[PDB]
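Remarks on the structure that follows.
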Amino acid sequence: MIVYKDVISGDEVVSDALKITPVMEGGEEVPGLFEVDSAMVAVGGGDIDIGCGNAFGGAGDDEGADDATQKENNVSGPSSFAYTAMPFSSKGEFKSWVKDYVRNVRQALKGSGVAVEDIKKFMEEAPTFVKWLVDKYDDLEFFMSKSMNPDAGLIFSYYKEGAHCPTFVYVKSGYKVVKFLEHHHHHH
């Protein structure tokens with residue numbers, strides 16, 4: 001299980017069990033960053049206390065339309081991870097967060113202990129993080145998992161074409177990539 005842990009919170013933003021694709025935009029890839037597909041799976045929501053969405057389905061069929069299967073994104077999963085949304089605050093705390101976010105990401109890049117020439121490339125990914133985040137900034141819906149905080153684990157998301165759910169915006173090379181497999185080992 002490869003998991004991406006945010007540098008600020010230390011919490012899991014996504015795992016290899018979910019959808020993880022390197023950012024591929026129209027005709028080009030964006031290095032250091034990964035974008036998360038939306039895939040709508042049947043969630044066991046129940047809709048007992050909260051009716052999620054509440055829409056009448058007319059398209060599809062008429063009298064064969066009994067459906068209790070809430071389709072929601074596998075990455076968000078209301079009954080599992082549960083992403084709580086955050087609106088544009090544009091407030092000082094948020095702006096201070098942006099500063100420390102890129103700050104600590106750049107510190108993680110340093111603390112990786114990677115070879116010098118590769119550090120150069122890693123640091124070439126660094127302004128690319130900033131630029132691409134600013135490029136979707138105005139269309140971002142902010143999320144956190146329920147275990148996350150606005151100051152720690154504030155996730156960027158937006159809705160691109162093909163996505164029927166929030167497309168999660170993550171920094172590939174900027175997070176702590178923890179690969180779970182060899183727990184008890186001594187590699188010498």
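Please note that chains go A, B, ... in the order of the structure tokens, that every chain numbers its residues from 1, and that ligands are numbered from 1 in the order shown.
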
- Item | Exercise: stretch 31-39 of chain A partners within 7 Å, only C-alpha atoms, chain neighbours under 6 positions left out, as a PyMOL selection string | chain A and resi 19-23+73-74+125+129+163-173

Based on the selection just made, write C-alpha atoms of those residues as an mmCIF file, in the first residue's frame.
```cif
data_model
loop_
_atom_site.group_PDB
_atom_site.id
_atom_site.type_symbol
_atom_site.label_atom_id
_atom_site.label_comp_id
_atom_site.auth_asym_id
_atom_site.auth_seq_id
_atom_site.Cartn_x
_atom_site.Cartn_y
_atom_site.Cartn_z
ATOM 1 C CA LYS A 19 -7.364 6.406 -8.390
ATOM 2 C CA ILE A 20 -3.946 8.009 -8.812
ATOM 3 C CA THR A 21 -2.926 9.358 -12.171
ATOM 4 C CA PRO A 22 0.023 11.676 -13.000
ATOM 5 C CA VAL A 23 -1.268 15.052 -14.236
ATOM 6 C CA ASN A 73 -16.542 9.048 -5.892
ATOM 7 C CA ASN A 74 -14.483 6.146 -4.526
ATOM 8 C CA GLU A 125 9.015 20.323 -9.911
ATOM 9 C CA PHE A 129 3.595 22.782 -8.082
ATOM 10 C CA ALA A 163 -15.477 14.128 -13.731
ATOM 11 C CA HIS A 164 -18.874 13.709 -12.101
ATOM 12 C CA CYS A 165 -17.342 14.324 -8.724
ATOM 13 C CA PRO A 166 -14.533 16.610 -7.384
ATOM 14 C CA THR A 167 -11.266 15.948 -9.114
ATOM 15 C CA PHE A 168 -8.713 15.858 -6.322
ATOM 16 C CA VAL A 169 -5.600 17.894 -6.825
ATOM 17 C CA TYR A 170 -2.502 16.522 -5.143
ATOM 18 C CA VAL A 171 1.219 17.130 -5.087
ATOM 19 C CA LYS A 172 2.956 13.845 -6.039
ATOM 20 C CA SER A 173 6.540 14.633 -5.269
#
```

- Can you tell me, as a PyMOL selection string, what residues are no more than 6 Å from stretch 77-91 of chain A when counting only C-alpha atoms, ignoring any on the same chain fewer than 4 positions away? chain A and resi 142-146

File dump, residues just selected, N, CA and C atoms, as a compact mmCIF listing (two decimals), in the first residue's frame:
```txt
# COMPACT_ATOMS: atom_id res chain seq x y z
N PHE A 142 -12.40 23.43 -1.69
CA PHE A 142 -11.42 22.92 -0.78
C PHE A 142 -12.03 21.81 0.02
N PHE A 143 -11.28 20.78 0.23
CA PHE A 143 -11.74 19.66 0.99
C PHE A 143 -10.75 19.28 2.03
N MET A 144 -11.20 18.54 2.96
CA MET A 144 -10.40 17.97 3.99
C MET A 144 -11.03 16.64 4.22
N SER A 145 -10.30 15.65 4.63
CA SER A 145 -10.97 14.47 5.09
C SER A 145 -11.46 14.80 6.50
N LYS A 146 -12.35 14.02 7.07
CA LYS A 146 -12.92 14.35 8.38
C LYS A 146 -11.81 14.41 9.47
```

- Task: Could you jot down the atom CA of residue A:122 to atom CA of residue A:135 separation for me, Å, one decimal place?
- Result: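 About the pair atom CA of residue A:122 and atom CA of residue A:135: they are 20.2 Å apart.
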
- State, in Å with one decimal place, the distance from atom CA of residue A:54 to atom CA of residue A:70.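 About the pair atom CA of residue A:54 and atom CA of residue A:70: they are 10.1 Å apart.
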
- Query: Within 9 Å of residue A:126, counting only C-alpha atoms, which residues qualify if same-chain residues fewer than 6 places away don't, as number ranges by chain?
  - Reply: A: 32, 102, 105-106, 109, 173-174

Resulting file, chosen residues, N, CA, C and O atoms, as a CSV table (one decimal), in the first residue's frame:
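Okay, out_36.csv is ready:
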```
chain,number,residue,atom,x,y,z
A,32,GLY,N,5.6,16.2,-11.1
A,32,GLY,CA,5.6,16.4,-9.7
A,32,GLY,C,4.2,16.5,-9.1
A,32,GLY,O,4.0,16.6,-7.8
A,102,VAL,N,3.6,25.6,0.8
A,102,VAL,CA,4.7,25.5,-0.2
A,102,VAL,C,6.1,25.5,0.5
A,102,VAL,O,7.0,24.8,0.1
A,105,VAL,N,6.5,21.9,1.9
A,105,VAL,CA,6.7,21.1,0.8
A,105,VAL,C,8.1,21.2,0.3
A,105,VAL,O,8.8,20.2,0.1
A,106,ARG,N,8.6,22.4,0.2
A,106,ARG,CA,10.0,22.7,-0.2
A,106,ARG,C,11.0,22.1,0.8
A,106,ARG,O,12.2,21.9,0.5
A,109,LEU,N,11.1,18.3,0.2
A,109,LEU,CA,12.0,18.2,-0.9
A,109,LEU,C,13.5,18.2,-0.5
A,109,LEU,O,14.3,17.4,-1.1
A,173,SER,N,5.2,14.6,-5.8
A,173,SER,CA,6.5,14.6,-5.3
A,173,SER,C,6.7,15.5,-4.0
A,173,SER,O,7.7,15.5,-3.4
A,174,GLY,N,5.6,16.1,-3.5
A,174,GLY,CA,5.7,17.0,-2.4
A,174,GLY,C,5.3,16.4,-1.1
A,174,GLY,O,5.5,16.9,-0.1
```

- Where does DSSP see strand (DSSP E) in stretch 1-187 of chain A, if you list the residues as a ChimeraX atom specification? /A:2-5,12-15,21-25,28-36,40-43,70-73,83-86,141-145,155-158,167-171,176-179

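Going from atom CA of residue A:72 to atom CA of residue A:153 covers 21.2 Å.
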